[PDB]
$ cat coords23.cif   # mmCIF, C-alpha atoms
data_upload
loop_
_atom_site.label_atom_id
_atom_site.label_comp_id
_atom_site.auth_asym_id
_atom_site.auth_seq_id
_atom_site.Cartn_x
_atom_site.Cartn_y
_atom_site.Cartn_z
CA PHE A 1 -26.53 29.79 -35.83
CA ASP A 2 -23.60 28.76 -38.06
CA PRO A 3 -21.08 26.83 -35.89
CA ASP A 4 -18.25 26.74 -38.42
CA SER A 5 -18.16 30.53 -38.89
CA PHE A 6 -18.68 31.01 -35.09
CA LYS A 7 -15.46 29.10 -34.28
CA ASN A 8 -13.64 30.97 -37.06
CA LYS A 9 -14.54 34.41 -35.82
CA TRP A 10 -13.61 33.74 -32.20
CA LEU A 11 -10.34 32.09 -33.12
CA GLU A 12 -9.43 34.89 -35.47
CA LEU A 13 -10.04 37.56 -32.77
CA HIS A 14 -7.92 35.61 -30.26
CA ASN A 15 -5.19 34.68 -32.71
CA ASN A 16 -4.85 38.20 -34.23
CA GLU A 17 -4.04 39.54 -30.80
CA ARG A 18 -1.45 36.86 -30.15
CA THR A 19 0.04 36.81 -33.68
CA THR A 20 1.01 40.49 -33.36
CA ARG A 21 2.98 39.68 -30.21
CA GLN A 22 5.00 36.71 -31.60
CA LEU A 23 2.87 34.17 -29.73
CA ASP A 24 1.77 30.65 -30.66
CA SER A 25 -1.84 30.42 -31.85
CA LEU A 26 -4.57 28.96 -29.70
CA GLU A 27 -6.45 25.84 -30.76
CA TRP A 28 -10.17 25.34 -30.34
CA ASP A 29 -11.41 22.90 -27.71
CA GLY A 30 -15.01 21.75 -27.86
CA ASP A 31 -15.24 20.72 -24.23
CA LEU A 32 -14.38 24.30 -23.18
CA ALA A 33 -16.79 25.69 -25.73
CA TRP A 34 -19.49 23.52 -24.18
CA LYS A 35 -18.68 24.61 -20.62
CA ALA A 36 -18.70 28.14 -22.02
CA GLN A 37 -22.25 27.72 -23.16
CA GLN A 38 -23.26 26.18 -19.83
CA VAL A 39 -22.15 29.42 -18.17
CA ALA A 40 -23.52 31.60 -20.98
CA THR A 41 -27.00 30.03 -20.62
CA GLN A 42 -27.42 31.27 -17.02
CA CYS A 43 -27.75 34.97 -18.18
CA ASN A 44 -25.63 35.90 -15.14
CA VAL A 45 -22.44 37.88 -15.76
CA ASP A 46 -21.89 38.84 -12.08
CA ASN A 47 -22.65 35.56 -10.23
CA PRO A 48 -22.29 32.53 -12.51
CA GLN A 49 -22.55 29.03 -11.00
CA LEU A 50 -19.24 27.32 -11.80
CA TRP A 51 -17.92 23.81 -11.62
CA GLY A 52 -14.48 22.22 -12.11
CA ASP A 53 -10.83 22.96 -11.22
CA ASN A 54 -10.60 25.38 -14.14
CA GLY A 55 -14.07 26.73 -13.41
CA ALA A 56 -12.96 30.37 -13.12
CA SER A 57 -10.65 30.28 -16.12
CA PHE A 58 -12.89 32.26 -18.46
CA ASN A 59 -13.85 35.64 -19.90
CA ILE A 60 -17.46 36.90 -19.99
CA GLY A 61 -19.01 39.83 -21.87
CA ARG A 62 -22.09 41.34 -23.47
CA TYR A 63 -23.16 42.16 -27.12
CA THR A 64 -21.30 41.23 -30.36
CA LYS A 65 -18.13 39.16 -30.47
CA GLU A 66 -15.96 42.15 -31.48
CA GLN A 67 -17.36 44.40 -28.75
CA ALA A 68 -16.98 41.73 -26.06
CA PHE A 69 -13.45 40.88 -27.10
CA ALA A 70 -12.41 44.54 -27.27
CA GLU A 71 -13.71 45.17 -23.77
CA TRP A 72 -11.38 42.41 -22.54
CA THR A 73 -8.29 43.57 -24.47
CA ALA A 74 -8.91 47.17 -23.28
CA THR A 75 -7.74 45.98 -19.83
CA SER A 76 -4.15 45.51 -21.11
CA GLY A 77 -3.25 49.03 -19.89
CA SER A 78 -2.76 48.05 -16.24
CA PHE A 79 -0.83 44.82 -16.74
CA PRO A 80 0.20 43.11 -14.50
CA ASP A 81 -2.45 44.11 -12.01
CA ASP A 82 -5.56 42.07 -11.35
CA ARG A 83 -7.70 44.48 -13.40
CA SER A 84 -5.95 43.25 -16.57
CA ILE A 85 -6.65 39.58 -16.08
CA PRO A 86 -9.14 39.45 -18.99
CA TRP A 87 -6.40 40.46 -21.33
CA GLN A 88 -3.96 38.18 -19.57
CA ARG A 89 -6.09 35.11 -20.30
CA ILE A 90 -5.94 35.86 -23.99
CA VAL A 91 -2.21 36.46 -24.29
CA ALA A 92 -0.75 34.18 -21.68
CA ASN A 93 2.17 32.26 -23.05
CA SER A 94 1.14 29.10 -21.23
CA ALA A 95 -2.40 29.17 -22.64
CA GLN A 96 -3.02 26.59 -25.36
CA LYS A 97 -6.73 26.20 -25.95
CA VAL A 98 -9.90 28.30 -26.09
CA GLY A 99 -13.57 27.52 -26.46
CA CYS A 100 -16.38 30.01 -26.67
CA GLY A 101 -20.16 29.81 -26.38
CA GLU A 102 -23.15 32.11 -26.46
CA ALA A 103 -26.69 32.63 -25.29
CA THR A 104 -29.39 35.13 -26.16
CA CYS A 105 -30.83 36.77 -23.03
CA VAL A 106 -33.48 39.44 -22.69
CA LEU A 107 -33.63 42.77 -20.90
CA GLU A 108 -37.11 42.32 -19.40
CA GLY A 109 -39.74 43.65 -21.86
CA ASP A 110 -37.23 45.69 -23.88
CA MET A 111 -34.65 43.97 -26.08
CA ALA A 112 -32.47 40.87 -26.49
CA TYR A 113 -28.70 40.97 -25.98
CA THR A 114 -26.09 38.27 -26.68
CA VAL A 115 -23.90 36.95 -23.84
CA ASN A 116 -20.44 35.70 -24.70
CA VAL A 117 -18.18 33.36 -22.75
CA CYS A 118 -14.77 31.98 -23.58
CA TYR A 119 -12.89 29.36 -21.60
CA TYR A 120 -9.11 28.94 -21.52
CA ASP A 121 -6.74 26.06 -20.89
CA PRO A 122 -4.40 25.76 -19.08
CA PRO A 123 -5.85 28.11 -16.50
CA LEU A 124 -4.04 31.34 -15.64
CA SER A 125 -1.39 31.03 -12.89
CA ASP A 126 1.25 33.27 -11.35
CA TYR A 127 3.06 36.01 -13.31
CA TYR A 128 6.19 33.90 -13.88
CA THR A 129 4.45 30.69 -14.94
CA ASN A 130 2.24 32.50 -17.41
CA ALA A 131 5.13 33.67 -19.53
CA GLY A 132 7.13 30.42 -19.23
#

$ encode --input "coords23.cif" --output "structure tokens"
Amino acid sequence: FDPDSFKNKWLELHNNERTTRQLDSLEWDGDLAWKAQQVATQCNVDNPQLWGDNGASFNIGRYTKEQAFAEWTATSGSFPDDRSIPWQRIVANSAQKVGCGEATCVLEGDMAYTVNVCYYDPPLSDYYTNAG
């Protein structure tokens, strides 16, 4: 595990997407990244145990960073419906900060797959607030 490159890759993926669209870059926040790992550690994509006011303000996904990120941005198509929220978290105007974390989990007696989680601050709100 190389932390410095880890932060770089995640930030680049996020900031590429927003740079294209004339948006301010996101800054890394360690606290979020920690919380991200707390959630990542559980090996539970469907029913994570969450804590905090911003507990739900996160994306979750399987495999490599690129694959996981793409799967979120792929949801752009149906904006502004609730199916596109993954993508909304990434490109919300209001959003300032991201932190990501990972965990290696195992398909029982088969193979190991990475789990990725990113947290966002401020958390996503209503349609109007998000673009403010």

$ closest_residue --input "coords23.cif" --among "A:38, A:49, A:44, A:73" --to "residue 17 (chain A)" --atoms "all atoms listed in the file"
A:73

$ resolve_selection --input "coords23.cif" --expression "the PyMOL selection byres ((chain A and resi 7) around 10)" --output "number ranges by chain"
A: 2-6, 8-12, 28-30, 33, 98-101

$ atom_distance --input "coords23.cif" --atom1 "CA of residue 76 (chain A)" --atom2 "CA of residue 118 (chain A)"
17.4 Å

$ closest_residue --input "coords23.cif" --among "A:42, A:115, A:25, A:103" --to "residue 59 (chain A)" --atoms "all atoms listed in the file"
A:115

$ atom_distance --input "coords23.cif" --atom1 "CA of residue 62 (chain A)" --atom2 "CA of residue 113 (chain A)"
7.1 Å

$ resolve_selection --input "coords23.cif" --expression "the PyMOL selection byres ((chain A and resi 64) around 9)" --output "list in words"
residues 61, 62, 63, 65, 66, 67, 68, 69, 113, 114, 115 and 116 of chain A

$ axis_aligned_box --input "coords23.cif" --around "region 114-120 of chain A" --padding-each-side "3 Å" --output "lines of an AutoDock Vina configuration file"
center_x = -17.6
center_y = 33.6
center_z = -24.1
size_x = 23.0
size_y = 15.3
size_z = 11.2

$ residues_around --input "coords23.cif" --residues "residue 39 (chain A)" --least-positions-apart "6" --cutoff "8 Å" --atoms "all atoms listed in the file" --output "list in words"
residues 48, 49, 50 and 117 of chain A

$ atom_distance --input "coords23.cif" --atom1 "CA of residue 37 (chain A)" --atom2 "CA of residue 108 (chain A)"
21.2 Å

$ residues_around --input "coords23.cif" --residues "region 83-93 of chain A" --least-positions-apart "4" --cutoff "10 Å" --atoms "only C-alpha atoms" --output "mmCIF file with C-alpha atoms, keeping the file's coordinate frame"
data_model
loop_
_atom_site.group_PDB
_atom_site.id
_atom_site.type_symbol
_atom_site.label_atom_id
_atom_site.label_comp_id
_atom_site.auth_asym_id
_atom_site.auth_seq_id
_atom_site.Cartn_x
_atom_site.Cartn_y
_atom_site.Cartn_z
ATOM 1 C CA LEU A 13 -10.040 37.560 -32.770
ATOM 2 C CA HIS A 14 -7.920 35.610 -30.260
ATOM 3 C CA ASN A 15 -5.190 34.680 -32.710
ATOM 4 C CA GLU A 17 -4.040 39.540 -30.800
ATOM 5 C CA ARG A 18 -1.450 36.860 -30.150
ATOM 6 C CA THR A 19 0.040 36.810 -33.680
ATOM 7 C CA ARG A 21 2.980 39.680 -30.210
ATOM 8 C CA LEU A 23 2.870 34.170 -29.730
ATOM 9 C CA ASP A 24 1.770 30.650 -30.660
ATOM 10 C CA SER A 25 -1.840 30.420 -31.850
ATOM 11 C CA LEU A 26 -4.570 28.960 -29.700
ATOM 12 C CA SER A 57 -10.650 30.280 -16.120
ATOM 13 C CA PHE A 58 -12.890 32.260 -18.460
ATOM 14 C CA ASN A 59 -13.850 35.640 -19.900
ATOM 15 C CA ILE A 60 -17.460 36.900 -19.990
ATOM 16 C CA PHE A 69 -13.450 40.880 -27.100
ATOM 17 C CA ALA A 70 -12.410 44.540 -27.270
ATOM 18 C CA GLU A 71 -13.710 45.170 -23.770
ATOM 19 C CA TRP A 72 -11.380 42.410 -22.540
ATOM 20 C CA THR A 73 -8.290 43.570 -24.470
ATOM 21 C CA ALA A 74 -8.910 47.170 -23.280
ATOM 22 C CA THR A 75 -7.740 45.980 -19.830
ATOM 23 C CA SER A 76 -4.150 45.510 -21.110
ATOM 24 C CA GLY A 77 -3.250 49.030 -19.890
ATOM 25 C CA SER A 78 -2.760 48.050 -16.240
ATOM 26 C CA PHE A 79 -0.830 44.820 -16.740
ATOM 27 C CA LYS A 97 -6.730 26.200 -25.950
ATOM 28 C CA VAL A 98 -9.900 28.300 -26.090
ATOM 29 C CA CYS A 118 -14.770 31.980 -23.580
ATOM 30 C CA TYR A 119 -12.890 29.360 -21.600
ATOM 31 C CA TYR A 120 -9.110 28.940 -21.520
ATOM 32 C CA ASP A 121 -6.740 26.060 -20.890
ATOM 33 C CA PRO A 122 -4.400 25.760 -19.080
ATOM 34 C CA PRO A 123 -5.850 28.110 -16.500
ATOM 35 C CA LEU A 124 -4.040 31.340 -15.640
ATOM 36 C CA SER A 125 -1.390 31.030 -12.890
ATOM 37 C CA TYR A 127 3.060 36.010 -13.310
ATOM 38 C CA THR A 129 4.450 30.690 -14.940
ATOM 39 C CA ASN A 130 2.240 32.500 -17.410
ATOM 40 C CA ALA A 131 5.130 33.670 -19.530
ATOM 41 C CA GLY A 132 7.130 30.420 -19.230
#

$ closest_residue --input "coords23.cif" --among "A:81, A:55, A:36, A:126" --to "residue 102 (chain A)" --atoms "only C-alpha atoms"
A:36

$ closest_residue --input "coords23.cif" --among "A:45, A:1, A:16, A:96" --to "residue 32 (chain A)" --atoms "only C-alpha atoms"
A:96
